[PDB]
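Coming up is one lone chain in structure tokens, specifically the form deposited in one PDB entry.
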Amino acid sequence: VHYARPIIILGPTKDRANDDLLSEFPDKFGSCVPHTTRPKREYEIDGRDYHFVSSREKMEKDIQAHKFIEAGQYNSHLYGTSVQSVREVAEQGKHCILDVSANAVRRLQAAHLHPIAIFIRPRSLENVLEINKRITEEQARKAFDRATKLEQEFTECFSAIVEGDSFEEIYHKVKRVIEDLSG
């Protein structure tokens, strides 16, 4: 089996693009599961909702030993996506579709996992409204501002920058981008 590079899509509509790749090509795209020290709720399922960690000290040590591409605290419990969880998907020859922040890109590269980082760049506020038709003007201005700051601060880590007048255009480009950079 050949290693498949993990994927981090960023920018407006990245979550729709993530869901679409998984639902269209389940043979080439997969997901991994985050870790948490929060205790498991009865209905939750270990290895499915989270990898539930019983020792907060254990997770703290692993975070400091760089075992996570992303980690943080909420409601006094730890949360993170582990290097190994990405590696397992990649080793099985599937692109791991990651829903992580841009700071994870550098951590994935430093962990030698060779990510594909794709930035969907809005051309303007109006372009945001073209490609996401379910949001208010305010939400679109917030998305546009976030994308401007994202590009200003993280443009050096992008594998590809994609643009378009509709989500369909962006999605076709995203798929074509992944095929070009994987071969």
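Basically, rigid core = biggest C-alpha set you can superpose within 1.5 Å across the two forms. Note that residue numbering follows the sequence shown and begins at 1.
Legend: mean Cα B-factor per stretch from the PDB entry, 150 to 158 versus 42 to 50; the higher mean is in 150 to 158. The PDB entry reports B-factors from which the mean C-alpha value can be compared for 115 to 123 and 55 to 63; the larger average falls on 55 to 63. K94 sits in the highest third of its chain by CA B factor, as recorded in the PDB entry. The entry lists a Cα temperature factor for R134 that places it in the highest third of the chain's modelled residues. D20: CA B factor in the middle third of modelled residues in this chain (values from the PDB entry). In the PDB entry, a CA B factor belonging to the middle third of its chain's modelled residues is recorded for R176. Sorting the modelled residues of the chain by their CA temperature factor places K28 in the middle third.
Only in words, not in the display: the form deposited in another entry, which the text now covers.
Large C-alpha shift between this form and the one not shown, rigid core held fixed: of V83, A102, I97, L78, this applies to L78 alone, with a displacement of 2 Å or more.
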